[PDB]
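Colleague: Take this structure, written in C-alpha cells, and hold onto it; I'll ask about it next.
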Amino acid sequence: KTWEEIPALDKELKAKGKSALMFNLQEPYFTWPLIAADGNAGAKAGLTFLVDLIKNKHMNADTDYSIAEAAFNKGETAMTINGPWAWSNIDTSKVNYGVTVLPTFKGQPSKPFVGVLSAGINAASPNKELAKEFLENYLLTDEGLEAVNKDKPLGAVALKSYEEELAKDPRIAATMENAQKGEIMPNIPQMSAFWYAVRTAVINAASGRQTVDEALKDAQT
Amino acid sequence: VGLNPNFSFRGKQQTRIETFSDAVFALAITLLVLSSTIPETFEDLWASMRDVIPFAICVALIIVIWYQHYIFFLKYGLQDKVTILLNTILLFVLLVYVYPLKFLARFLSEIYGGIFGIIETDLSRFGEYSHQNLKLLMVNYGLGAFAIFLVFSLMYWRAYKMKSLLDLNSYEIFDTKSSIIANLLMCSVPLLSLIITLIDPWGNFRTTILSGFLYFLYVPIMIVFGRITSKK
Amino acid sequence: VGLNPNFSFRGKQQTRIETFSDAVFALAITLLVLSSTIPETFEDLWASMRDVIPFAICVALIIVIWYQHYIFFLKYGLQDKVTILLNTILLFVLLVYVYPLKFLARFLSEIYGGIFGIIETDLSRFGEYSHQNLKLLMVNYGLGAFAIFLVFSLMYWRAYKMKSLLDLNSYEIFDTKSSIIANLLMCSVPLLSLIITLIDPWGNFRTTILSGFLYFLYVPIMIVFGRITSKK
Amino acid sequence: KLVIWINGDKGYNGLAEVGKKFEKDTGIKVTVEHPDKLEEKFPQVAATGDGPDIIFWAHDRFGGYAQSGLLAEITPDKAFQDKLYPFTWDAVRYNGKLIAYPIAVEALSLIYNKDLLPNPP
Ligand SMILES: OC[C@H]1O[C@H](O[C@H]2[C@H](O)[C@@H](O)[C@@H](O)O[C@@H]2CO)[C@H](O)[C@@H](O)[C@@H]1O
Ligand SMILES: [K+]
Ligand SMILES: [Zn+2]
C-alpha cells in the first residue's frame, strides 16, 4: 500500500530469483506519480527515493516499456505500473494479475497524470467531413468502442452508454481510484517542453550524471 | 436469497469457518432454550412455558446476527487469519452474552408484564434494583451490542482492504463501503448510552432513563449521525 | 431418495440454513436423551433404561419433522429472509417443546404402562392430575403441533408465491399446492382439539376425552375435511 | 406451389422446414410468406385475387372469413380429429361447420428480468 515497504519486499523477492517492481523509467509519465506524491520539497523527496531504488540495485538503470512488460508477463517481477491498454497482453500470458491503487509515498498518495485519449482532425487534410463521419457515426459508438476495447482496453471510455459495463470491471475501478488521486493534464502548448525537461531530469538522475537538487534547477528553467 | 443484483457471491460454496460458525450459532439459540431444567411435574411445565416470550426475543436477536454473518461470508467468501480472528471475537462475544441475554429477556418480560397488566409476579428475585446495578445493566448490554456491530464494521473494512484481491467492481465497492458505515452507525447508539451511563451526569435514575431512551430513538438518531456526515 | 419423479431438486447442494438447521435438529434429539443424569450406580443404570420407550417416541417424532424439513429444502432450495424467518419460527417451536415432550412421553408411558400391566409405579410424581392441568396439557401440545404444521404450510406457500422465480413446472406447481393443503389438514386436528378444550363444553374430563380422541381419529377426520373441500 | 400466410412474429422458418420435408416426400414446393396486416390483406386478396392456399391467424378473425365465404369447410377423419383436444375444435367451428385446423392456444403473460426485478409486481 506504500512505496517505502518495496525495498524490503524486493530483498525478500530477490532471494527467490524475482524482482518486486519493474516499470518504464525512461518515459516520465510512469515516474511522475511517485515524483508528485507529496508535492519543490515533494519532487526532491519523490525523486530521491526513485534514485535510491536504482542506487540499491532494486531497479535496473535502463528499464524501458518492453523489458518491464516482458518481465511482468514472463513472471519475473511481482509488480508493474501500466495503463488500461496493457491488460490484454497479460490476459494472453498465463499470469493471475490484479490492478490496484498506486502505492502511497510519505503517507500521501502518488498523483498520476490523467490523460484523455482524443481524435483530432489534421488541418491540412482534404478528408475532413469523411473523418468526422468515421469518428462520430462509426468509432464513437457502442459497437465501435467495443471493437477497440476487446483488442487493447481503452480505459474509462467517454461514452455515456458504457457506464454500467465500466462499473462491472474490477480494473476500471482501480483506474478511476488512481485517476481521482491524480489530476488531468493541462492541454497548454508548453506541455512539450515540460515533458522534455522531466524526461531528461529523470534519465540523468537515474543513470548517475546530475544530482537530484541540480535536476529540478535545470527543469524549472 | 441475495441482497444486491450487481453483487457476485464469492462464498456460494460452504467452508470450515462457515460450518464451524453455524455450529456455534445453533448452539447459542439451542443452549439458551435447553439450559433450562427439565419439567418433572405440571407446575414445572407451566413455569417453563412462561419462558417462551423471553426466549423468543433471544432467538430473534441471535438469528439476526446469524443472518448478517451469512450475508458477509456469502458476499466475500473470505477465509484468512484476520477474518478468522475478527470472526472469533464475534462468536466469543455472542457466547459470553447468551446467558446474560436470557437474564435480561426474563427481567424485561416481567417489567413489561407488570406494565401491560398480564402478570403481577415479584422482581425481588432478580436482586437489588439499585442505581449502580441498573447502570451496570446498561453499560453491560450496551458494550455487548457495540462490540458486535463494531466487529461487523471491522470485517467489511477487512474485505474493503482486500477489494483488489477479491476483484470487487464499483457496485461491490459501494456496497462494502456502505456496509461499514451501516455497522458503525449501528454501533454508535449503544456506544453513546454506555458513555452517558459511565460519566453519569445526574447521579440518579435519570441517567438510566436517557441511556435506555436512546434505543427507542434508534432509527432517528442513526439518521442524525448519517445526515451530519453528508451535510459536512 | 426423492418423493416425486417429475420434481427437479433445486437444493441438492448443502447450504448454511440447511447445516444450521441440521445442527439444531441433532441437538434436540441429542439433548432430549443426554440432558438425563449420569448413572453413578446400578440402580441409576436400570432407572435410565426405563427412559428408552419415552425417548424413542420423542426421537421418532423429531426426525419426522427433520424429514419434512429435508424434503422442503431439497425441493425448492430456498434461502431468503422470509424463508429464514419461518424456518426460525419452526426450530424455535421445536426447541421450546423438546423438554415438555420428554415430560409428555414419560407421563404417557406410565399411563400406558399401567393399562397394559407392565409396570405399576405412581403418577403422583407428575403433580395434581386435575381438570385444569389435563386441559392445559392438551392445549399446550395441541398448540405446539398446530404451529409446526402451520409453519410447514406457510413455507410451501412462500415457495408457491415464488413459483416463477424458482421456475416451477405444472407438476411442481401441483406438488407445492398439494403440500400446503396436506400441512393445513395436518394442523386442523390439533387446532380443533385446542379450540374444544379452551371453550370447554362439559366443564369436566369429558372435554379432555374428546380432545384426546381426535388424535386417534386423525386419518378419518383429515379425510372428512379433504372430502368437504372437493364436494363443495 | 403451396403458399402459406402466417404472421412474422411466428415460426415461419420452422414452418418452412416442415414444408421442405413435404417437398421431399411429395414434390410440391412450400413457400412461407409473412406480409404486414395479413389479417386485413387476406380477405381483400383472397376474395378477388388468388392469395394463399392456407392462412394462419388466431381463430377470432375466421368467423368473418367464414360468413364472407372465403374459407373451405374442413372435413378431417375421426382418427385425426381425436389427436387434438375437443375444446380446440370448438374455437374453429362457425355455424356447426369446422372452418380451420387448431394449432395452439395463446395467451399473453408478464415477462420480467429476474436480475433487474427478482420479486416482480
Ligand atoms: O512520458 C511522457 C508522455 O506521457 C504521456 O504519454 C503517455 C500517453 O498519454 C499514454 O496514452 C501511453 O501511450 O503512454 C504515453 C507514455 O508512454 C503524455 O501524453 C505525453 O505528452 C508525454 O510525452
Ligand atoms: K447441567
Ligand atoms: Zn451441547
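Residue numbers start at 1 in each chain; chains themselves are named A, B, ... in the order of the C-alpha cells; ligands are numbered from 1 in the order shown.
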Could you please extract the residues within 9 Å of ligand 2, counting only C-alpha atoms and all ligand atoms, and hand them back as a PyMOL selection string?

Modeller: (chain B and resi 35-37) or (chain C and resi 35-37)

Colleague: Using only C-alpha atoms and all ligand atoms, determine which residues fall within 8 Å of ligand 3, then list them as an NGL selection string.

Modeller: (:B and (27 or 31)) or (:C and (27 or 31))

Colleague: I'd like the superposed chain B, fitted onto chain C by least squares over all Cα atoms in order, as an mmCIF file with C-alpha atoms, in the first residue's frame.

Modeller:
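Contents of result29.cif, as written:
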data_model
loop_
_atom_site.group_PDB
_atom_site.id
_atom_site.type_symbol
_atom_site.label_atom_id
_atom_site.label_comp_id
_atom_site.auth_asym_id
_atom_site.auth_seq_id
_atom_site.Cartn_x
_atom_site.Cartn_y
_atom_site.Cartn_z
ATOM 1 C CA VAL B 1 -34.260 -40.711 -2.154
ATOM 2 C CA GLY B 2 -36.767 -38.299 -3.732
ATOM 3 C CA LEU B 3 -40.558 -38.146 -3.373
ATOM 4 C CA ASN B 4 -41.695 -37.270 -6.980
ATOM 5 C CA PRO B 5 -40.132 -38.273 -10.366
ATOM 6 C CA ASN B 6 -41.367 -35.062 -12.110
ATOM 7 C CA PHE B 7 -39.824 -32.824 -9.382
ATOM 8 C CA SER B 8 -36.381 -31.263 -10.174
ATOM 9 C CA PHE B 9 -34.461 -30.879 -6.863
ATOM 10 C CA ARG B 10 -33.009 -27.340 -6.602
ATOM 11 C CA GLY B 11 -31.498 -27.831 -3.109
ATOM 12 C CA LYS B 12 -29.131 -30.750 -3.927
ATOM 13 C CA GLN B 13 -26.100 -28.581 -2.792
ATOM 14 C CA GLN B 14 -25.825 -28.096 1.033
ATOM 15 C CA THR B 15 -26.288 -24.579 2.463
ATOM 16 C CA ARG B 16 -25.933 -22.585 5.668
ATOM 17 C CA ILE B 17 -29.618 -22.643 6.529
ATOM 18 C CA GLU B 18 -29.658 -26.480 5.951
ATOM 19 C CA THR B 19 -26.405 -27.078 8.019
ATOM 20 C CA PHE B 20 -27.519 -24.710 10.768
ATOM 21 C CA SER B 21 -30.944 -26.407 10.750
ATOM 22 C CA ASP B 22 -29.462 -29.978 10.933
ATOM 23 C CA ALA B 23 -27.295 -28.802 13.882
ATOM 24 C CA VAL B 24 -30.422 -27.655 15.828
ATOM 25 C CA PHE B 25 -32.262 -30.927 14.893
ATOM 26 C CA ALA B 26 -29.270 -33.048 16.042
ATOM 27 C CA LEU B 27 -29.123 -31.099 19.289
ATOM 28 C CA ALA B 28 -32.921 -31.599 20.025
ATOM 29 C CA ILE B 29 -32.711 -35.450 19.724
ATOM 30 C CA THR B 30 -29.272 -35.475 21.486
ATOM 31 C CA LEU B 31 -30.156 -33.144 24.491
ATOM 32 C CA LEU B 32 -33.546 -34.819 24.974
ATOM 33 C CA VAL B 33 -31.560 -38.057 25.670
ATOM 34 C CA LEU B 34 -28.304 -36.607 27.189
ATOM 35 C CA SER B 35 -29.988 -33.986 29.466
ATOM 36 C CA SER B 36 -30.574 -37.027 31.768
ATOM 37 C CA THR B 37 -28.327 -37.508 34.851
ATOM 38 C CA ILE B 38 -25.237 -39.766 34.525
ATOM 39 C CA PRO B 39 -25.681 -43.211 36.197
ATOM 40 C CA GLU B 40 -23.367 -43.468 39.256
ATOM 41 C CA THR B 41 -24.707 -46.907 40.382
ATOM 42 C CA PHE B 42 -26.601 -49.989 39.057
ATOM 43 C CA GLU B 43 -29.910 -48.567 40.477
ATOM 44 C CA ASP B 44 -29.412 -45.361 38.353
ATOM 45 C CA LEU B 45 -28.446 -47.550 35.356
ATOM 46 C CA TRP B 46 -31.706 -49.564 35.420
ATOM 47 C CA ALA B 47 -33.694 -46.365 36.060
ATOM 48 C CA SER B 48 -32.195 -44.686 32.932
ATOM 49 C CA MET B 49 -33.048 -47.725 30.708
ATOM 50 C CA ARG B 50 -36.802 -47.313 31.543
ATOM 51 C CA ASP B 51 -36.485 -43.888 29.757
ATOM 52 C CA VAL B 52 -35.789 -45.527 26.297
ATOM 53 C CA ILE B 53 -39.529 -46.023 25.459
ATOM 54 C CA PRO B 54 -40.359 -42.327 26.185
ATOM 55 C CA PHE B 55 -37.169 -41.206 24.309
ATOM 56 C CA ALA B 56 -37.863 -43.498 21.320
ATOM 57 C CA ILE B 57 -41.224 -41.724 20.881
ATOM 58 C CA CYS B 58 -39.542 -38.298 21.158
ATOM 59 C CA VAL B 59 -36.830 -39.039 18.578
ATOM 60 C CA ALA B 60 -39.363 -40.712 16.199
ATOM 61 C CA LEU B 61 -41.406 -37.501 16.340
ATOM 62 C CA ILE B 62 -38.372 -35.150 15.899
ATOM 63 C CA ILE B 63 -36.796 -36.981 12.844
ATOM 64 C CA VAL B 64 -40.292 -36.928 11.183
ATOM 65 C CA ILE B 65 -40.136 -33.096 11.397
ATOM 66 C CA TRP B 66 -36.403 -33.245 10.262
ATOM 67 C CA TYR B 67 -37.548 -35.288 7.239
ATOM 68 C CA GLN B 68 -40.251 -32.768 6.204
ATOM 69 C CA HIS B 69 -37.604 -30.014 6.593
ATOM 70 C CA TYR B 70 -35.026 -32.020 4.471
ATOM 71 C CA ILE B 71 -37.656 -32.646 1.746
ATOM 72 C CA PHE B 72 -38.723 -28.941 1.654
ATOM 73 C CA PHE B 73 -35.169 -27.544 1.353
ATOM 74 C CA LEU B 74 -34.355 -30.344 -1.148
ATOM 75 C CA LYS B 75 -37.349 -29.429 -3.410
ATOM 76 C CA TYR B 76 -37.080 -25.625 -3.566
ATOM 77 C CA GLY B 77 -33.564 -24.865 -2.287
ATOM 78 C CA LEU B 78 -34.829 -21.538 -0.779
ATOM 79 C CA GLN B 79 -32.524 -19.204 1.244
ATOM 80 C CA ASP B 80 -34.461 -15.830 1.567
ATOM 81 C CA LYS B 81 -35.353 -13.641 4.600
ATOM 82 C CA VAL B 82 -38.977 -14.828 4.777
ATOM 83 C CA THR B 83 -37.814 -18.482 4.459
ATOM 84 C CA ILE B 84 -35.104 -17.791 7.136
ATOM 85 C CA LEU B 85 -37.834 -16.196 9.347
ATOM 86 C CA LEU B 86 -40.435 -19.060 9.043
ATOM 87 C CA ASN B 87 -37.643 -21.614 9.460
ATOM 88 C CA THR B 88 -36.582 -19.959 12.756
ATOM 89 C CA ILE B 89 -40.251 -19.890 13.949
ATOM 90 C CA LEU B 90 -40.130 -23.673 13.220
ATOM 91 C CA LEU B 91 -36.768 -24.509 15.012
ATOM 92 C CA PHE B 92 -37.861 -22.109 17.814
ATOM 93 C CA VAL B 93 -41.041 -24.163 18.348
ATOM 94 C CA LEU B 94 -39.109 -27.438 18.092
ATOM 95 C CA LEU B 95 -36.706 -26.126 20.757
ATOM 96 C CA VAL B 96 -39.319 -24.962 23.285
ATOM 97 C CA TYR B 97 -41.287 -28.302 23.123
ATOM 98 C CA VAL B 98 -38.160 -30.621 23.418
ATOM 99 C CA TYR B 99 -38.238 -30.975 27.215
ATOM 100 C CA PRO B 100 -42.114 -30.772 27.524
ATOM 101 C CA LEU B 101 -42.153 -33.746 25.036
ATOM 102 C CA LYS B 102 -39.743 -35.629 27.346
ATOM 103 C CA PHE B 103 -42.314 -34.874 30.097
ATOM 104 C CA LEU B 104 -45.362 -35.995 27.999
ATOM 105 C CA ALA B 105 -43.555 -39.095 26.672
ATOM 106 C CA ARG B 106 -42.707 -40.172 30.268
ATOM 107 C CA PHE B 107 -46.245 -39.344 31.533
ATOM 108 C CA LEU B 108 -47.979 -41.212 28.699
ATOM 109 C CA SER B 109 -45.557 -44.206 29.022
ATOM 110 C CA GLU B 110 -46.616 -44.590 32.750
ATOM 111 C CA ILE B 111 -50.381 -44.398 31.938
ATOM 112 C CA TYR B 112 -49.975 -46.983 29.129
ATOM 113 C CA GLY B 113 -47.587 -48.865 31.458
ATOM 114 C CA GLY B 114 -50.463 -49.129 33.952
ATOM 115 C CA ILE B 115 -53.036 -50.135 31.263
ATOM 116 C CA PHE B 116 -51.005 -52.974 29.581
ATOM 117 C CA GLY B 117 -49.892 -54.126 33.102
ATOM 118 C CA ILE B 118 -46.093 -53.990 32.518
ATOM 119 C CA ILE B 119 -45.391 -51.630 35.492
ATOM 120 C CA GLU B 120 -47.343 -50.229 38.498
ATOM 121 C CA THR B 121 -45.318 -47.102 39.544
ATOM 122 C CA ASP B 122 -47.088 -43.962 40.885
ATOM 123 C CA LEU B 123 -48.235 -40.906 38.875
ATOM 124 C CA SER B 124 -48.312 -38.572 41.963
ATOM 125 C CA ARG B 125 -44.710 -37.583 40.992
ATOM 126 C CA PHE B 126 -46.185 -35.679 37.963
ATOM 127 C CA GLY B 127 -48.273 -33.241 40.100
ATOM 128 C CA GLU B 128 -52.034 -32.943 40.677
ATOM 129 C CA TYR B 129 -53.991 -34.680 37.906
ATOM 130 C CA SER B 130 -56.809 -32.061 37.931
ATOM 131 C CA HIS B 131 -59.171 -30.931 35.169
ATOM 132 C CA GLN B 132 -57.294 -27.598 34.592
ATOM 133 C CA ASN B 133 -53.871 -29.315 34.296
ATOM 134 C CA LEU B 134 -55.151 -32.066 31.961
ATOM 135 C CA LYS B 135 -56.922 -29.295 29.924
ATOM 136 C CA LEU B 136 -53.689 -27.229 29.838
ATOM 137 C CA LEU B 137 -51.880 -30.459 28.803
ATOM 138 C CA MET B 138 -53.986 -30.772 25.588
ATOM 139 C CA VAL B 139 -53.984 -27.015 24.796
ATOM 140 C CA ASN B 140 -50.199 -26.938 25.188
ATOM 141 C CA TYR B 141 -49.159 -29.846 22.882
ATOM 142 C CA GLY B 142 -52.075 -29.139 20.550
ATOM 143 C CA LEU B 143 -50.870 -25.524 20.089
ATOM 144 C CA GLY B 144 -47.338 -26.924 19.643
ATOM 145 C CA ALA B 145 -48.238 -29.416 16.835
ATOM 146 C CA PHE B 146 -50.575 -26.924 15.067
ATOM 147 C CA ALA B 147 -47.712 -24.349 14.915
ATOM 148 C CA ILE B 148 -45.294 -26.880 13.372
ATOM 149 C CA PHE B 149 -47.701 -27.916 10.540
ATOM 150 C CA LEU B 150 -48.952 -24.315 10.202
ATOM 151 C CA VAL B 151 -45.317 -23.224 9.610
ATOM 152 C CA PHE B 152 -44.762 -26.021 7.053
ATOM 153 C CA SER B 153 -47.920 -24.809 5.150
ATOM 154 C CA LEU B 154 -46.597 -21.218 5.319
ATOM 155 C CA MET B 155 -43.230 -22.367 3.860
ATOM 156 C CA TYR B 156 -44.829 -24.290 0.923
ATOM 157 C CA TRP B 157 -46.968 -21.216 0.178
ATOM 158 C CA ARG B 158 -43.844 -18.958 0.288
ATOM 159 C CA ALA B 159 -42.343 -21.321 -2.379
ATOM 160 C CA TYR B 160 -45.686 -21.177 -4.322
ATOM 161 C CA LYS B 161 -45.588 -17.299 -4.065
ATOM 162 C CA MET B 162 -42.079 -17.577 -5.734
ATOM 163 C CA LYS B 163 -43.159 -20.279 -8.323
ATOM 164 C CA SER B 164 -41.969 -18.182 -11.306
ATOM 165 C CA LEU B 165 -38.588 -17.304 -9.714
ATOM 166 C CA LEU B 166 -37.917 -20.999 -8.891
ATOM 167 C CA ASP B 167 -39.151 -21.911 -12.454
ATOM 168 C CA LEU B 168 -41.674 -24.443 -11.213
ATOM 169 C CA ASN B 169 -43.374 -26.572 -13.917
ATOM 170 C CA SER B 170 -47.072 -27.734 -13.803
ATOM 171 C CA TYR B 171 -46.113 -30.981 -11.957
ATOM 172 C CA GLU B 172 -44.055 -28.976 -9.426
ATOM 173 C CA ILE B 173 -46.862 -26.392 -9.027
ATOM 174 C CA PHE B 174 -49.370 -29.191 -8.186
ATOM 175 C CA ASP B 175 -46.974 -30.817 -5.673
ATOM 176 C CA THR B 176 -46.419 -27.458 -3.901
ATOM 177 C CA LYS B 177 -50.201 -26.727 -3.925
ATOM 178 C CA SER B 178 -50.904 -30.262 -2.554
ATOM 179 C CA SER B 179 -48.184 -29.904 0.166
ATOM 180 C CA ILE B 180 -49.922 -26.754 1.566
ATOM 181 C CA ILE B 181 -53.324 -28.480 1.822
ATOM 182 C CA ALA B 182 -51.501 -31.523 3.332
ATOM 183 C CA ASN B 183 -49.895 -29.428 6.110
ATOM 184 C CA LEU B 184 -53.078 -27.336 6.709
ATOM 185 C CA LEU B 185 -55.061 -30.608 7.020
ATOM 186 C CA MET B 186 -52.387 -31.857 9.488
ATOM 187 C CA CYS B 187 -52.733 -28.589 11.515
ATOM 188 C CA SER B 188 -56.605 -28.812 11.542
ATOM 189 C CA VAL B 189 -56.772 -31.725 14.135
ATOM 190 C CA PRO B 190 -54.610 -30.159 16.918
ATOM 191 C CA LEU B 191 -56.355 -26.799 16.213
ATOM 192 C CA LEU B 192 -59.814 -28.440 16.582
ATOM 193 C CA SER B 193 -58.846 -30.129 19.961
ATOM 194 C CA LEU B 194 -57.236 -26.938 21.259
ATOM 195 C CA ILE B 195 -60.406 -24.982 20.366
ATOM 196 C CA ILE B 196 -62.657 -27.638 22.008
ATOM 197 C CA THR B 197 -60.516 -27.700 25.222
ATOM 198 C CA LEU B 198 -60.395 -23.864 25.541
ATOM 199 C CA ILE B 199 -64.211 -23.461 25.130
ATOM 200 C CA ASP B 200 -64.828 -26.468 27.483
ATOM 201 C CA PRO B 201 -68.396 -27.604 26.594
ATOM 202 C CA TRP B 202 -68.792 -30.060 29.535
ATOM 203 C CA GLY B 203 -66.760 -28.433 32.300
ATOM 204 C CA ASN B 204 -65.234 -31.832 33.232
ATOM 205 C CA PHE B 205 -62.942 -34.709 31.986
ATOM 206 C CA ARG B 206 -65.352 -35.456 29.050
ATOM 207 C CA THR B 207 -63.815 -32.379 27.325
ATOM 208 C CA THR B 208 -60.310 -33.917 27.601
ATOM 209 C CA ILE B 209 -61.558 -37.388 26.468
ATOM 210 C CA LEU B 210 -62.947 -35.828 23.190
ATOM 211 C CA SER B 211 -59.926 -33.534 22.554
ATOM 212 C CA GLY B 212 -57.628 -36.548 23.015
ATOM 213 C CA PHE B 213 -59.924 -38.772 20.878
ATOM 214 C CA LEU B 214 -59.482 -36.501 17.790
ATOM 215 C CA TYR B 215 -55.806 -37.703 17.610
ATOM 216 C CA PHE B 216 -56.989 -41.366 17.475
ATOM 217 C CA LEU B 217 -59.334 -40.292 14.616
ATOM 218 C CA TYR B 218 -56.525 -38.376 12.784
ATOM 219 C CA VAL B 219 -56.675 -40.093 9.369
ATOM 220 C CA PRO B 220 -60.545 -40.263 9.210
ATOM 221 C CA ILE B 221 -61.034 -36.581 10.294
ATOM 222 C CA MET B 222 -58.285 -35.467 7.782
ATOM 223 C CA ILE B 223 -60.312 -37.332 5.079
ATOM 224 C CA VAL B 224 -63.602 -35.580 6.143
ATOM 225 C CA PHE B 225 -62.032 -32.042 5.812
ATOM 226 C CA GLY B 226 -60.407 -33.090 2.494
ATOM 227 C CA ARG B 227 -63.683 -34.505 1.075
ATOM 228 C CA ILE B 228 -65.653 -31.336 2.164
ATOM 229 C CA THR B 229 -63.305 -29.120 0.057
ATOM 230 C CA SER B 230 -63.673 -31.440 -3.042
ATOM 231 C CA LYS B 231 -67.508 -31.995 -2.721
ATOM 232 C CA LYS B 232 -68.299 -28.207 -2.401
#

Colleague: Using only C-alpha atoms, select each residue of chain D with any atom at most 12 Å away from an atom of chain C, and give the selection as an mmCIF file with N, CA, C and O atoms, in the first residue's frame.

Modeller:
data_model
loop_
_atom_site.group_PDB
_atom_site.id
_atom_site.type_symbol
_atom_site.label_atom_id
_atom_site.label_comp_id
_atom_site.auth_asym_id
_atom_site.auth_seq_id
_atom_site.Cartn_x
_atom_site.Cartn_y
_atom_site.Cartn_z
ATOM 1 N N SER D 109 -48.608 -13.112 -21.158
ATOM 2 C CA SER D 109 -48.108 -13.269 -19.794
ATOM 3 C C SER D 109 -47.103 -12.182 -19.500
ATOM 4 O O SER D 109 -46.558 -11.565 -20.417
ATOM 5 N N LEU D 110 -46.841 -11.969 -18.219
ATOM 6 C CA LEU D 110 -45.901 -10.960 -17.776
ATOM 7 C C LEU D 110 -44.499 -11.531 -17.852
ATOM 8 O O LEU D 110 -44.165 -12.432 -17.092
ATOM 9 N N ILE D 111 -43.692 -11.027 -18.783
ATOM 10 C CA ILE D 111 -42.301 -11.436 -18.943
ATOM 11 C C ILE D 111 -41.503 -10.423 -18.124
ATOM 12 O O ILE D 111 -41.775 -9.227 -18.241
ATOM 13 N N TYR D 112 -40.559 -10.886 -17.272
ATOM 14 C CA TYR D 112 -39.783 -9.996 -16.399
ATOM 15 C C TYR D 112 -38.307 -10.400 -16.242
ATOM 16 O O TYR D 112 -37.991 -11.590 -16.146
ATOM 17 N N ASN D 113 -37.416 -9.392 -16.154
ATOM 18 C CA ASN D 113 -35.987 -9.617 -15.948
ATOM 19 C C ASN D 113 -35.769 -9.898 -14.464
ATOM 20 O O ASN D 113 -35.994 -9.020 -13.630
ATOM 21 N N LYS D 114 -35.337 -11.125 -14.138
ATOM 22 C CA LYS D 114 -35.084 -11.542 -12.753
ATOM 23 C C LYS D 114 -33.902 -10.797 -12.113
ATOM 24 O O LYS D 114 -33.841 -10.691 -10.887
ATOM 25 N N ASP D 115 -32.959 -10.304 -12.934
ATOM 26 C CA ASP D 115 -31.781 -9.596 -12.449
ATOM 27 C C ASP D 115 -32.145 -8.167 -12.047
ATOM 28 O O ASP D 115 -31.729 -7.725 -10.979
ATOM 29 N N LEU D 117 -35.313 -7.297 -11.483
ATOM 30 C CA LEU D 117 -36.525 -7.416 -10.675
ATOM 31 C C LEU D 117 -36.795 -8.880 -10.232
ATOM 32 O O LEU D 117 -37.509 -9.606 -10.924
ATOM 33 N N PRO D 118 -36.238 -9.329 -9.079
ATOM 34 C CA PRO D 118 -36.458 -10.726 -8.641
ATOM 35 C C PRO D 118 -37.876 -11.035 -8.154
ATOM 36 O O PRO D 118 -38.390 -12.119 -8.435
ATOM 37 N N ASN D 119 -38.486 -10.101 -7.395
ATOM 38 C CA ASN D 119 -39.845 -10.215 -6.864
ATOM 39 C C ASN D 119 -40.730 -9.218 -7.647
ATOM 40 O O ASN D 119 -40.960 -8.097 -7.183
ATOM 41 N N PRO D 120 -41.198 -9.582 -8.861
ATOM 42 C CA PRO D 120 -41.981 -8.626 -9.661
ATOM 43 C C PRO D 120 -43.383 -8.332 -9.134
ATOM 44 O O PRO D 120 -43.917 -9.109 -8.340
ATOM 45 N N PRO D 121 -44.014 -7.231 -9.605
ATOM 46 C CA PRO D 121 -45.347 -6.876 -9.111
ATOM 47 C C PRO D 121 -46.451 -7.890 -9.360
ATOM 48 O O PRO D 121 -46.597 -8.400 -10.472
#

Colleague: Write down as a list in words the residues belonging to chain D that are assigned strand (DSSP E) by DSSP computed on the backbone.

Modeller: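 DSSP on the backbone gives strand (DSSP E) at residues 2, 3, 4, 5, 30, 31, 32, 33, 54, 55, 93, 94, 97 and 98 of chain D.
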
Colleague: Each residue of chain A with at least one atom at most 7 Å from ligand 1 should appear once, together with its nearest atom pair and the corresponding distance in Å (one decimal); atoms considered: only C-alpha atoms and all ligand atoms; ordering: chain, then increasing residue number; output as a tab-separated table.

Modeller:
residue	atom	partner	partner_atom_place_in_ligand_line	distance
A:27	CA	ligand 1	1 (O)	3.9
A:28	CA	ligand 1	1 (O)	4.3
A:29	CA	ligand 1	1 (O)	3.9
A:30	CA	ligand 1	1 (O)	6.7
A:115	CA	ligand 1	9 (O)	5.5
A:117	CA	ligand 1	11 (O)	6.5
A:191	CA	ligand 1	21 (O)	6.9
A:192	CA	ligand 1	21 (O)	6.6
A:195	CA	ligand 1	23 (O)	5.6

Colleague: How many Å separate CA of residue 206 in chain A from CA of residue 108 in chain A?

Modeller: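 Computed distance, CA of residue 206 in chain A to CA of residue 108 in chain A, equals 23.4 Å.
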
Colleague: Would you tabulate, counting only C-alpha atoms, all residues of chain A that have an atom at most 12 Å from an atom of chain B, showing the closest pair of atoms and their distance in Å to one decimal, sorted by chain then ascending number, as a Markdown table?

Modeller:
| residue | atom | partner | partner_atom | distance |
| --- | --- | --- | --- | --- |
| A:1 | CA | B:161 | CA | 9.8 |
| A:96 | CA | B:165 | CA | 10.4 |
| A:97 | CA | B:165 | CA | 9.3 |
| A:98 | CA | B:164 | CA | 6.4 |
| A:99 | CA | B:164 | CA | 6.7 |
| A:100 | CA | B:164 | CA | 5.8 |
| A:101 | CA | B:164 | CA | 8.6 |
| A:102 | CA | B:164 | CA | 11.8 |
| A:163 | CA | B:170 | CA | 10.5 |
| A:164 | CA | B:171 | CA | 9.4 |
| A:165 | CA | B:169 | CA | 10.2 |
| A:166 | CA | B:170 | CA | 8.5 |
| A:167 | CA | B:170 | CA | 5.1 |
| A:168 | CA | B:169 | CA | 5.2 |
| A:169 | CA | B:169 | CA | 5.4 |
| A:170 | CA | B:169 | CA | 4.3 |
| A:171 | CA | B:169 | CA | 7.8 |
| A:172 | CA | B:169 | CA | 8.2 |
| A:173 | CA | B:170 | CA | 5.7 |
| A:174 | CA | B:164 | CA | 7.9 |
| A:175 | CA | B:170 | CA | 11.0 |
| A:176 | CA | B:170 | CA | 9.6 |
| A:177 | CA | B:170 | CA | 10.0 |

Colleague: For a test of reading the model, state the distance in Å between CA of residue 71 in chain D and CA of residue 88 in chain D, rounded to one decimal.

Modeller: 18.1 Å

Colleague: Could you pull the residues within 12 Å of residue 26 in chain A, counting only C-alpha atoms, minus those fewer than 3 positions along the same chain, as a PyMOL selection string?

Modeller: chain A and resi 22-23+29-32+60-68+195-196+198-207

Colleague: Could you tell me how far CA of residue 34 in chain D lies from CA of residue 81 in chain D, in Å and to one decimal?

Modeller: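 Between these atoms lies a distance of 27.9 Å.
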
Colleague: Taking the DSSP secondary structure from the backbone, can you list the residues of range 2-133 of chain B that are alpha helix (DSSP H), as a ChimeraX atom specification?

Modeller: /B:16-34,42-50,52-75,81-96,98-116,131-133

Colleague: List the spatial neighbours of residue 75 in chain D as a list in words - criterion: any atom at most 12 Å away, only C-alpha atoms, same-chain residues fewer than 3 positions off excluded.

Modeller: residues 72, 78, 79, 80, 81, 89, 93, 97, 98, 99, 100 and 101 of chain D
